[PDB]
Structures are given as structure tokens and as C-alpha cells.
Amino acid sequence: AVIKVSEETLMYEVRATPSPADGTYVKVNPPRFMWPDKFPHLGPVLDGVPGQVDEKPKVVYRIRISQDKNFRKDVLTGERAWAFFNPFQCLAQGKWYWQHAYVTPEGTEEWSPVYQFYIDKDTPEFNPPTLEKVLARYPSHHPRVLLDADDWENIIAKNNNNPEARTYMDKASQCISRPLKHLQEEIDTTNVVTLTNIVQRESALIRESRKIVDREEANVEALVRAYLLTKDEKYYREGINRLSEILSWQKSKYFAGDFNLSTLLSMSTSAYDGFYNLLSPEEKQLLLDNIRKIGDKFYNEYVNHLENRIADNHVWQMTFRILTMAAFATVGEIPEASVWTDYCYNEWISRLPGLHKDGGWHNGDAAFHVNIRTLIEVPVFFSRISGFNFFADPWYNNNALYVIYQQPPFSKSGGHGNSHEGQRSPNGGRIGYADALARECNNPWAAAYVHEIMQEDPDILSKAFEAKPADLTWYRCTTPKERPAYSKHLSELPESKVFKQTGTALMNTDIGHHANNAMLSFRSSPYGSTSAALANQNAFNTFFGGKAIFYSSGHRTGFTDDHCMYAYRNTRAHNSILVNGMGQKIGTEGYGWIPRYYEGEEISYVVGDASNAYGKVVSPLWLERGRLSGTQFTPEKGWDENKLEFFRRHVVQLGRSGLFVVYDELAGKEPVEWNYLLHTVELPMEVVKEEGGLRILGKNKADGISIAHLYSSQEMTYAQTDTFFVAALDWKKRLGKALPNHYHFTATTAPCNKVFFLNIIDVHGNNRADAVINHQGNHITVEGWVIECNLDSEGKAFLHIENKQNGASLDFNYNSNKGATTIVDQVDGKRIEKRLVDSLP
């Protein structure tokens, strides 16, 4: 019942295998064919500093697909400049064969092995139309992207009485005759010039220049939309005036990073499509010159690269959408746009939206918000020009649950990904996204999230958030769809939700009444610690009433700086385990996974396995980033030869009590000192010996409490510190002044080859007193629960938890159960019994 994984990595930075996988049942009809490039290409390793990059040849691929193993009876064939193919027809049931070829410059075909896949009677069908169908009916008039000319007068009439629409005209009006200076006079480079490390210097320059470009983009976009809503040409004149100034910044030594360049493409698209029928010859040539120039640059970056990266953050967040809209703005007018529409349309269908198909966001809490406009505007646009519902992708209904569970109403986010610590309460962008899901998917949980939050805070959509990647005001001005009626309440959600492919879990005692909610979050993820994710496999965080207590420490000062690598991404910042003080590898190789779980009512359960996540850093991407950044992946900083053989963490939610039981199995290749970590981020912990173990009291500055009752199969010593491994220096000046210190508890065992830990965590606020832990009859009882477990380094692990009066039980053992976890639960008066075994993700 217990699976051992022996892969060096579960997910690849650069695609290494074909999809659909050999011998699999496909998840959708038609399958989405993808394969590794003939010349696999990592590409530039940072935004400001590319590092060592290889050639990226242009290539041609072919593909053949058939139920005839010898590829003569009824064969689907295609040729592409890129390693993905969409058949654009549902395939017949049965077994299928296929292969792909690389075609050399000389015309020779290099054919792959012949792969197999199967289609069932049950296989779901999601079959968007060919691009040829879409372009055939696509109108030649403008506007056609920001809105359609045939609907223009209707959109104007509808918004005459839309108070949200007034903001465009008010913001745009303040720009008129209010000149914009050149970039060198507007930018602040005073911090930039103090930085000697080139990764830091260029990253600071990107931030400082984006401040100005993003400010003025908001002005230009308001001018375009104000013109569209009023047809007052004063907005056209100032729109062209301002955009012309920004475009002249193009070749400035201060115009840094790819978002700034994509912003020029975006604004040129908006002005070209929206002002089209007013443009002078010179104005039209200016916009078209820059669409041609910058669209070609981005297409050339993407092709033979983007489609096979695990995920390419800036592209997924913003620049892909910007290329797509520039392409459809100009298709049939400039020849380059035919290739771009082909690429963008097929790449979206091939593998977007999202990476994890369970709906969770791979890069964590803050990164999700930078994707909001891409996740809605691209399928809204594709759907209206196609007549086909691109929101039928099941990812969206899945992601609706991620939106709610990862950050409940008025609550701190679950604590994953870069800048997690700043995500303190759902912002207007998140509510605007949930609103779009409610309308486009008729999703009642998304609708309940919007309505229950807007009842407490009716002005939430106008509160502060970064508007550039997330503001859906224009979607709300243009959609014909209404908010669905409030039906479901958030209180009708299951207490717990597990994202098996994302590798996360959220447990809640009262998700529908946030101020009373005791919450625990957990991560053990096949994505590992690359990109914006952290090295926090098998880490948990706790919350009460929407404010954290036990919580991942450190500050997001950058992407690769020493504080990030040693004290924020690093495993030592998290509520997990170190091995002789050493932590998890940085990259996809530092992966975890969730082998088994159970979402119930009187009891829920999740397990994380991080057995392979420790050791030396070997990721080529992160070794190159480290070389450029000054990182030392050495034992002194926390990475050494792997000693870890087995690390499973069992997390049991004890119904709605606010109690959680965390039980750890650990095995090493030799005797090692195990370090058990807890952190808080507002107040120090208070530690006393309690029976044969330790009591660790964490509290926040509000009502929140979390008490760890920690026991181990070996003797422990402990210490607490107020300082990070290395100072949280805000060299970028990207954070507020203060940057409080955090607090770090470490329990270290005597050296041993095996150890077990039991941690009973009591999470509450002013709703009740501390729970009393009774040590009786050689087990432990609290509030009617009875907890037995193995705390013998020489004996077999087991965990038995039962509440006889609630009718709940959990039994994990290697004897009766052969490694399985058996569950008994009560749901709607009915006895539920489950036997849980491992499954891969």
C-alpha cells in the first residue's frame, strides 16, 4: 500500500516526454499532442540577466495519428513549426497509435517511437473549432478586439448609467494637456546606482522603470476606454500624445525588462484597434511599426521554448495574452500576424489555462493574481469570436475551489509562493476574478464568495490592488452576462480540500464564518521549489479567524538574493524538518507529493512524502542562477549529501474542534540529528517542558493561538532565535520600512537512524479556552479523542485516533492494514469506511 518513488524529478523544467503519455487513457477528446523539442531549450534564466543561452534553430515537425498501427488506414497528419498539435476533431473510441518527426534542414525525417493511447466511451469531449473557422468569420472592421464594432453603440448605451464606467473618463480627463516628461526625468535611479551585483542592479532598474511605465499605461488605457465609451475625440488626441511619448522611451538604457516591452505592444494594440478609424497615416504607421517589431520579438522568444517550459511566469502572467491580442488585432493586415494567431490559438488549446489540472496555482498565493486578466480575457475573447465556450475546460470550476480555500473571506492566504506573507485579505482583483468565474461558469461557490464578501465590504472592487494584471473593470463593462443569483452558502463547503496534483491541502473548522475559522494549510508538491514556489515540502501553517500563528518565516526581498535562498525559500524558514540542519534541494528535484488523503466531516486527513527532497542542489537552472547571483549551495548554508531515506508527515484534522494531529515517520541512511521547526511572525513563542515532551505556545497580536504539544521517540533539546540565518535586507526597496524580525523554534533530537514525532496542535482564539491534553493509560486523550501512536525508533510506525462519541476513527499501521490507512467517518448519519492506499500524481 506504500509506494516508493525513485525518480530524480517528477516534473521537468524543459519537456522530456511526450503527451499523451505512452499507453495511457487520455483525459480529453481530442488529445492534446505535445513532445520534446529536437533542441530542448531552457532559454534566459533571469529577466534582467540572461546567463548562458544556446542557439534556438527554427525547426519543422510532422505527426501522424491512426488506429492502424502501420499508418495507412485513416491517418491524421500535420506539420508544425513547433512541438504541439491539435487535431480539431473528436477521435473514435478504441486504441490509437502515433509518432512525431523532426525534419532536418535537408528534408530527412527523424521519427519517434510509435506511442499508444486509448479513448473510452467515458472520455470527455472538449473540441474547440479550427483557427480557419474562427478567422473565416472574423470581421475586418475595427474595433474588433477591445469590443466589436457591431456591439459598440449598445455598449455605450449600457454604460451611460454604469458608475464603474465613469472612472475611465475622470482618470483620462486629468491627463489632458497635463504633459508627460521623458523617462530619464521621471524615473528614480538613485537606488539602482548603489548596487554592485549585476543581478540586483538590473532587477532594481526593471522595478524602477516599471513604476513609470505602468503608471502611464493606466493613463493610456483609460484614455482608450474613455474614447470607446463616449466617442469624445479629446481622449483620442491625448491617448496618441501620451502613447507617442512612451514609445519614444523604447531605446532608453533605462527601459528594462520584458514587461515594459510587452506594455508597449499592449498599448499599441489598444490604440490601434480603438482609434483605428481616426488614425492619421503617420499615426497608423507608428502603431503598426511597433506591433510588427514587438510582436515578432515575443513570438521569436516563445517558439520552441514557451510550449515546453514547465511554466514561463512572465509569459503566462501577461505577455502571452498581449501577443494574442496584438495578433488578432492585426491578422489579415500584417503577414506576421498569421503565424502569431496560429501559435497563440493552438498553444492556449494545447495546455492552458494553468499547470496543475486540479485547479491549484503552481506558483502560490501572490503569483495567482498576476494571471487574473490572462485567465479571463483570453477565453472570453476566444469564446465570442468562435461561438465556442472555452470556459467548459474543467480547470475553471476546479480553480474556483482554489480561490476560496487558499484565501477564505477576510483571511490570510495559506502561505505558499514568493510574497505569500503580504496576502492578508482577498483583494478586489481576486473578487473580480471570482465574479467572472461565477458568470462564465455559473459556478455557485464563486458566486457565494463574491456575494458573502461584498455584503461585508460593498466597496471591495474599488479597494487597493495592483490593477495592471488583474483589473476586470473592462470585462464588467462589456460582458452581456449578469451575476448569478446567490444560491449556495460558503458554509455548505466541505471542511477540507486537497489538491493532489498541486500538492496542497486546506483544512477548516468554519470556512463559512471566517472569524470563527481554525485553519491549517499544507504542502508536499511535485513542483518542488523552482520558480516562485518555496522549499517547504511537508510544511504546515496555522490560522485562526483569518490571521496566522504558526507561519513560514522570512521576507520576499527578491528572487535569488541570499536572504531568499538561505532564509525565505530555504526549508529552515518553514514548519517542516531539517536533517543535520540541512534542507531541501532548490528546483524541481526538491519535490514532495500527496500519496493519500481523505476529505470528511468528523475527520479529514492528508499525507505528504518528502523522502527525496533533500540533498545537494543539482538543477541546472538554479545552479546558473546561483552562479550569477552569488549563491553558495554549500553545507555551511544548508545543503549537503543526502542522508534522508523516508519522510512522511500525516496530518489529521480532528473534526471541527480546532485540534490537528501531525505524526512524522523519519528514516535516515545513518544516525542523524533531526531538527523539528516551528516559526511565528509577530510574537515570540513560549516553551515549557510538558510531560515527556515540549509545549510550544504561539500567539499573534490579535486573538489567535496555536499550541504545539510535541513528543518524540528520542530525547530533544530546543532553542529559539529572533534572527534570520542572514539579514532580510531590502536592497531593492520593495518592502515597507520595519521588516519585523520573526521567531524560530528548533527542537533537535539525539542522533539516530530513525525517529517519530507526534505534534498535537490546538488552534483557537477567544472562542474557547486551551484544550487540556491528558496523558493516561499509556496513550493521550483530549476532548473525547483518544490518540495512540508509535514513538519507538525501533518499532513499526502506527497512528490510531478515535472519537467514540462522534463515530470517527483513523487507523494507520504496517500490520493489520499492510501500510494502509483505514478511515471511519459519519456523513449525514451514514457510517463511511475507507481504506486508503498510495497513488502517484
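The first residue of the sequence shown is number 1, and the count goes up from there.
According to the PDB record, 483-491 carries the higher mean C-alpha B-factor of the two stretches 715-723 and 483-491. Mean CA B-factor, 412-420 versus 667-675: the higher value falls on 667-675.
Between the residues 244, 89, 300, 266, it is 89 that shows the highest Cα B-factor in the PDB record. Of all the options 309, 556, 207, 451, the entry's greatest CA B-factor is assigned to 451. Ranked by Cα temperature factor within the chain, residue 239 sits in the lowest third according to the deposited record. For residue 32, the recorded CA B-factor ranks within the middle third of the chain. Only modelled residues enter the ranking. Split the chain's modelled residues into thirds by C-alpha temperature factor. Residue 44 is in the lowest one.
Remark: residue 38 belongs to the lowest third of its chain, ranked by C-alpha B-factor as recorded.
Looking at the C-alpha B-factors along this chain, the one for residue 146 belongs to the lowest third.
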